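Asker: Whatever this is, show me its structure:
(chains A, B, C, D and E)
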Amino acid sequence: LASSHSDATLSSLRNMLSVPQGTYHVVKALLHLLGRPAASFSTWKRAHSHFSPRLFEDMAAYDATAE
Amino acid sequence: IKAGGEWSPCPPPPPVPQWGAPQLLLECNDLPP
Amino acid sequence: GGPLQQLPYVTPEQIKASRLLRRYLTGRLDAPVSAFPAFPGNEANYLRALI
Amino acid sequence: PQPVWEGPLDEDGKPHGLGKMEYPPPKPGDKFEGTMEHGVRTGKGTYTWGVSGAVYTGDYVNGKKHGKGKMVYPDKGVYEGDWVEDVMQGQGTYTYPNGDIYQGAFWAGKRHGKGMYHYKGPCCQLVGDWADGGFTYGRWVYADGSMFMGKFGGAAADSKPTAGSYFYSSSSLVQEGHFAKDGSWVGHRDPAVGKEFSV
Amino acid sequence: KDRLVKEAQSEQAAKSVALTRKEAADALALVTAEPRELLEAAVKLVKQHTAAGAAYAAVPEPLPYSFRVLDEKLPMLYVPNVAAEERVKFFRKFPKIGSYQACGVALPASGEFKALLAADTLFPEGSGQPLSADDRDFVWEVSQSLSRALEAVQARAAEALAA
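Answerer: Numbering: from 1, shown residues only, chains lettered A, B, ... in the order given. Structure as follows:
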């Protein structure tokens, strides 16, 4: 259901000049969980690059069984 | 305007030299305990 | 007649710097005298040192 | 007066780990700290000199300064860049006590290569080819845009311009010429309107 | 006749370059895209038409001079000599020689400044000489076009969010 609205969510996220605070927090947490280098989404400016179509595919790919 | 016969454009300030004297170079001491 | 400004005082640095350069006065009192040799002030300070 | 070592010690009395060594004064003595190996130092270390007061916080190889490093000389001049065989070589930056900054290449402990020198008092910059700590060729730029392109004298001539072309942005005039021995500027032709020397 | 013809052709060429520059400046407002892309398109237009050495947009320690735009709510700032000023900030930490200019992006029907277009000529990557009035006018026009484009972007985004 998350990937159902992937295009609309990405479009709405990319058009924002400002920083949506809580949504930025949850996006940063999700980027930590997917094992990103963590030095590339500190500020919202750099966190802009990470989200793209490929983000939603990676969410399904990440193992949910691994400890 | 001063009307003397002497004038010329100013050269740039000389870049200041290094800590080496006209040369001594400081070296880490190498003696074992 | 007309308006009448008062030139500020003159410091030894301005006098020493004035002996190095050679300029035509632009006629207005807010004008950069030179970039090199460096001059500590605008046109008015150069005029005061010349005076 | 054997120097005191504090830290892990290998066999034969050879330091082999992250520790601190203090040396006997002849004015305190020197002091090293950081990784050591078999009696010589290697890896990121910090050596503080006793008499002069210089501090070198940088890499080490075979007991000599090597690789990236940073030093604070007795004078407040701070060097930061590449070292080989405890001599300044390669790319780096140097900050002088006057405040003048230099960015560029070094060779045998002097300015040598392609670099820029920025004076503090006047904002003029010297950009181009340095040799033996002197300026050989390039563009001398004033604080507004007026500049001079040409060949400058070496360290023997104290980096004075010798031949080239002046451009003044206040009037926007360009004149090519040279310098006499007395320092008087001798132009080859009358000044002509032009543009800045953008190589 | 020859002298008159030469003068006329010079005037015609000047008018042609003015027209093409203004035409480019008018096009940026029409573009519909992500905000970062509109900012990138502006930077390219400013660099190509103007003589600016570099153009960069943006979305005790002295206060950076660019903050004057936000604090005094003044739309355009121009520093003919960064050497004279003291609040100018250099990204590479090496003192630079040249001019600088920054005209903010203010949305219409509001006063909030969203972006800032900064074009400068700094040696050695730039001319190092003050910007001519035509270059500054082009930077101002590009920023105004970007302002209209950003207003359109915000309008479309709000409509989509409320849809």
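Asker: residues from chain E in reach of chain D?
Answerer: Residues of chain E that fall close to chain D, judged by Cβ under 8 Å from any Cβ of the partner chain: E:81, E:83-84, E:94-95, E:97-98, E:123-124, E:127-130. C-betas here are computed from N, CA, C, even on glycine.
Asker: Show me what residue of chain A gets nearest to chain D.
Answerer: residue A:39 (20.5 Å; Cβ to the nearest Cβ).
Asker: Pull out the buried residues from the residues of chain E next to chain D.
Answerer: E:81, E:83, E:95, E:97, E:98, E:123, E:124, E:127, E:128, E:129, E:130 (16 or more other Cβ atoms under 10 Å in any protein chain shown).
Asker: List the contacts of the fifth one.
Answerer: Spelled out, it's residue E:98. D:145, E:53, E:82, E:120, E:121, E:122, E:123, E:126, E:127, E:128, E:129 (Cβ atoms under 8 Å, 6 or more residues apart in numbering or on different chains).
Asker: Among the residues you listed, which ones are in strands?
Answerer: E:120, E:121, E:122 (DSSP state E).
Asker: Name the nearest residue to residue D:10, ignoring sequence neighbours.
Answerer: Leaving aside its sequence neighbours, residue D:10 sits nearest to residue D:16 (Cβ to Cβ, 6 or more residues apart in numbering or on different chains; 3.5 Å).
Asker: now the helix or strand containing residue A:54, how far from the centre of its chain.
Answerer: Here residue A:54, judged by DSSP states H and E, is contained in helix A:53-61. Centre-to-centre, helix A:53-61 and its host chain are 9 Å apart (Cα atoms, centre = their mean, to the nearest Å).
Asker: Can you give me the buried ones in it?
Answerer: A:55, A:56.
Asker: Stretch D:71-89 now?
Answerer: Under the neighbour-count criterion of 16+ other Cβ under 10 Å, stretch D:71-89 has D:71, D:72, D:73, D:77, D:79, D:81, D:82, D:83, D:84, D:86, D:88, D:89 buried.
Asker: can you tell me if it touches chain B.
Answerer: Yes: residues of stretch D:71-89 contacting chain B under Cβ under 8 Å from any Cβ: D:73, D:74, D:75, D:77, D:86, D:87.
Asker: who's in contact with the first one?
Answerer: Counting by Cβ under 8 Å, 6+ apart, residue D:73 makes contact with B:19, D:52, D:54, D:79.
Asker: just checking, the third one touches residue B:25?
Answerer: No: between residue D:54 and residue B:25 no contact is recorded; they are 11.3 Å apart, counting by Cβ atoms under 8 Å.
Asker: Tell me which of those two has more neighbours.
Answerer: Legend: neighbour count by other Cβ atoms under 10 Å in any protein chain shown for residue D:54 and residue B:25, higher for residue D:54 (17 against 10).
Asker: how close does the more buried one sit to residue D:168?
Answerer: 44 Å (Cβ to Cβ, to the nearest Å).
Asker: Secondary structure element holding the spatially most central residue of chain E?
Answerer: Centre of chain E computed as the mean C-alpha position; nearest residue by Cα atoms, centre = their mean is residue E:139, 3.4 Å away. Assessed by DSSP H and E, residue E:139 sits inside helix E:133-162.
Asker: on that earlier part again, out of the buried residues of stretch D:71-89, name the ones that lie in strands.
Answerer: D:71, D:72, D:79, D:81, D:82, D:83, D:84, D:88, D:89.
Asker: what pairs with the most centrally placed residue in chain D across the strands?
Answerer: Chain D has residue D:94 as the residue nearest its centroid, 4.1 Å off, counting by Cα atoms, centre = their mean. Note on residue D:94: beta-bridge partners by DSSP bridges are residue D:79, residue D:102.
Asker: out of everything not next to it in sequence, what's closest to the residue in chain A positioned nearest to chain E?
Answerer: For chain A and chain E, the shortest gap (Cβ to the nearest Cβ) falls at residue A:15, measuring 4.3 Å. Distance criterion Cβ to Cβ, 6+ apart; nearest residue to residue A:15, sequence neighbours excluded, is residue E:157 at 4.3 Å.
Asker: same thing with residue D:95?
Answerer: Nearest one to residue D:95, counting by Cβ to Cβ, 6+ apart, is residue D:78 at 4.7 Å.
Asker: Which strand or helix spans the most centrally placed residue in chain C?
Answerer: In chain C, the centroid-proximal residue (Cα atoms, centre = their mean) is residue C:46; its distance is 1.3 Å. Here residue C:46, judged by DSSP H and E, is contained in helix C:43-50.
Asker: Likewise for residue A:17?
Answerer: Per DSSP H and E, there is no helix or strand for residue A:17.
Asker: That one contacts residue E:39, correct?
Answerer: No: shown here, residue A:17 and residue E:39 do not form a contact pair, counting by Cβ under 8 Å, at 9.5 Å.
Asker: close to chain E, is stretch D:163-171?
Answerer: Yes: judged by Cβ under 8 Å from any Cβ, stretch D:163-171 comes into contact with chain E through residue D:169.
Asker: need the residues of chain A near chain E, please.
Answerer: So far as Cβ under 8 Å from any Cβ goes, chain A lies against chain E at A:11, A:12, A:14, A:15, A:16, A:17, A:45, A:48.
Asker: now do 7 Å
Answerer: A:12, A:14, A:15, A:17, A:48 (Cβ under 7 Å from any Cβ of the partner chain).
Asker: ok, now which ones touch the last one?
Answerer: I take that to be residue A:48. If you count contacts by Cβ atoms under 7 Å, 6 or more residues apart in numbering or on different chains, residue A:48 has them with residue E:36.
Asker: for it, helix, strand, or coil?
Answerer: Secondary structure, DSSP: H, G, I helix; E, B strand; the rest coil: residue A:48 is helix.
Asker: Please identify which pair of the contacts of residue D:73 lies farthest apart.
Answerer: Checked with Cβ to Cβ, these reach their widest spread between D:52 and D:79, with 14.3 Å between them.
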